[PDB]
Number of protein chains: 2
Amino acid sequence: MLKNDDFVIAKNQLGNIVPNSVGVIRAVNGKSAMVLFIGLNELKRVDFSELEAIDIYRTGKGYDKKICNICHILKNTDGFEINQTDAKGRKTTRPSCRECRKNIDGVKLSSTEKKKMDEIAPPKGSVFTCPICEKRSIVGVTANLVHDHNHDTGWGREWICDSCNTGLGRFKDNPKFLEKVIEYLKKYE
Amino acid sequence: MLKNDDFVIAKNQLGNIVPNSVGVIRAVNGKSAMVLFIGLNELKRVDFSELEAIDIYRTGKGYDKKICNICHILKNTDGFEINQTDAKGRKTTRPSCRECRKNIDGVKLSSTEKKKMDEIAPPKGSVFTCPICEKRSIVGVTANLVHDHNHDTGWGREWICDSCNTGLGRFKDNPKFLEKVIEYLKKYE
DNA sequence: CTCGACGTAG
DNA sequence: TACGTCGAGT
Ligand code: NA
Ligand code: NA
Ligand code: NA
Ligand SMILES: [Zn+2]
Ligand SMILES: [Zn+2]
Ligand SMILES: [Zn+2]
Ligand SMILES: [Zn+2]
């Protein structure tokens, strides 16, 4: 019935694995499967009766439920925050569920740190040079600026362009991943 | 009358500065201004008769002309590539004009390098781990993947997630700016 | 709720 | 033409 490479959810609790955790079948033994539960990267032996096959292509945009890209638990659409709109007018939700976004968002910029950054804000319509990408721009006209902050401490960093800020987040604001980017680029340079 | 911090365009060719180049007024005397032309970062003394005031807030989205974020020349809207759609259904163009995009895009992935990459493409619906961000995903379900390539050589790099690929571009695929990101983050550790 | 920006997909 | 994704602004 189940085949290698098929996707399943846990029907019930399986040790550390909560219900609705998505796994992929990695081996089959009679009516038991070795399942890689993707969120925790845990390979477990599971009886077929404890698993429910799912169709990954009937999840996400256009469907009732969506698989989170961090925890890889199948959740209702409302477990994800609306974030954008496509050309066809449909709403797009973040790929990470509200629970996983708590850890990505971390500590908010404090009120005193915000006021402090606001007192040195580049004026709208001024000529700005971003301290990261070094691009010159006209504030609010040829680039939009943001209050960047450290989400471990809640304290301010600098005024930077939105492009750079949304780049930092792709790499988790973490020098570990930036160093990985450098060695990746250098490898093919 | 022209005031410091006002914006102007060059009416005519001014040495290295082409017409319609945007500049900011940095000093004024009775007949001329010191103008910083933003694209080339060139500060010149220009007679008032060779400058025209420009309302920077009547450029870009919703208007017939737009100021490029690299060259900072005022161009027709059609000099910029349509790239996205907002929630109100209006089209958004790239901030960089078609001419400036040539340098950003560089050399395309060659046919032969593309075929090499396609030979080792992760299957749709497989479990993938991005070599940069180290995030696990289900291909085409919880993350979309791309052919990354070096745009100086046209040679392939690796299959990576779209999030990482679009992060590389924010930092110009250039270790210089990635090292700047690292120093910036460490400063506010 | 909304946003622009990136290199991709096609 | 179009796409999702990021930390933001609103
Ligand atoms: Na930030
Ligand atoms: Na306006
Ligand atoms: Na790339
Ligand atoms: Zn989650
Ligand atoms: Zn920047
Ligand atoms: Zn340009
Ligand atoms: Zn990645």
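Throughout, protein chains are lettered first and strands after them, A, B, ... in sequence-line order, and every chain is numbered starting at 1.
- Sorted by first and then second residue, the ring-ring contact (aromatic ring centres under 6.0 Å, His included) pairs with a member in residues 129-166 of chain A read A:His147-A:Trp159; sequence neighbours excluded.
- Using a cutoff of 4.0 Å between basic side-chain nitrogens and carboxylate oxygens, A:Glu52 and A:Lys11 are not scored as salt-bridged.
- As a member of the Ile/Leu/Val/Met/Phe/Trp/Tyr network built from side-chain separations under 4.5 Å, B:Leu43 groups with A:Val127, A:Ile138, A:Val141, B:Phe7, B:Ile9, B:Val22, B:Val24, B:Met34, B:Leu36, B:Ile38, B:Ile54, B:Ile56, B:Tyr57, B:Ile67, B:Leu74.
- Residues B:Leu2, B:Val8, B:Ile17, B:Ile25, B:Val28, B:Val35, B:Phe37, B:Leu40, B:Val46, B:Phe48, B:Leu51 make up the rest of the hydrophobic cluster containing B:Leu14, defined by ILVMFWY side-chain heavy atoms closer than 4.5 Å, directly or through other members.
- Here A:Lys88 lies in heavy-atom contact (under 4.0 Å) with sugar-phosphate atoms only.
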Item to complete: Let me have DNA chain D in dot-bracket notation, would you? Count Watson-Crick plus G-U wobble pairs, both distances under 3.5 Å, and use [ ] for pairs crossing earlier ones and | for inter-strand partners.
Response: |||||||.|.

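- Looking at heavy-atom distances under 4.0 Å, A:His151 makes no contact with the nucleic acid at all.
- Residues that satisfy the salt bridge (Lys or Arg N to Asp or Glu O under 4.0 Å) test with A:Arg90, not counting sequence neighbours, are A:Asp86.
- Closest-nucleotide positions on DNA chain D for A:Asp148 and A:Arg90 were compared, and the one nearer the 5' end corresponds to A:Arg90.
- Using a 4.0 Å cutoff to heavy atoms of chain A, the contacted part of DNA chain C runs 5' to 3' from C:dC1 to C:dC6.
- Two residues are said to be in side-chain contact when any heavy atoms from C-beta on lie closer than 4.5 Å; A:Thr59 and A:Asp55 fail this criterion.
- In this structure the side chain of A:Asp6 never reaches within 4.5 angstrom of the side chain of A:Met1, judged on heavy atoms.
- For the ring-ring contact (aromatic ring centres under 6.0 Å, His included) condition, no pair includes a residue of residues 72-128 of chain B, sequence neighbours left out.
- DNA chain D is contacted by both A:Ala87 and A:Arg94; A:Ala87 maps to the nucleotide lying nearer its 5′ end (nearest heavy atom per residue).
- Protein chain B touches strand DNA chain D; the 5'-most and 3'-most nucleotides with an atom under 4.0 angstrom of its non-hydrogen atoms are D:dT1 to D:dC6.
- Between A:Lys186 and A:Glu189 there is no salt bridge, since no side-chain nitrogen of the basic residue lies less than 4.0 Å from a carboxylate oxygen of the acidic one.
- For the 3.5 Å distance criterion, the side chains of B:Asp148 and A:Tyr184 qualify, holding a donor opposite an acceptor.
- Using a 4.0 Å cut-off on heavy atoms, the residues of residues 95-118 of chain A that approach DNA chain D are A:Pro95, A:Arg101, A:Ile104, listed by number.
- Separating the NZ atom in B:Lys135 from the OG atom in B:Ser163 is a distance of 4.5 Å, to the nearest 0.5 Å.
- Through side-chain heavy atoms spaced under 4.5 Å, either directly or across other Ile, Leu, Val, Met, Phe, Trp or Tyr residues, B:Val18 is tied to B:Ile73.
- Taking a 4.0 Å limit (strictly below) on heavy-atom distances, residues 152-189 of chain A reaches DNA chain D at A:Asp162, A:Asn165, A:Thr166, A:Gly169, A:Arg170.
- Every residue was checked against the salt bridge (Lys or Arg N to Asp or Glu O under 4.0 Å) condition with A:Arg26, not counting sequence neighbours, and none meets it.
- The heavy-atom pair separating A:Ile132 from B:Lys180 by the smallest distance is O-NZ, 3.1 Å.
- Considering only heavy atoms from C-beta on, B:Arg157 comes within 4.5 Å of B:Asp173 through its side chain.
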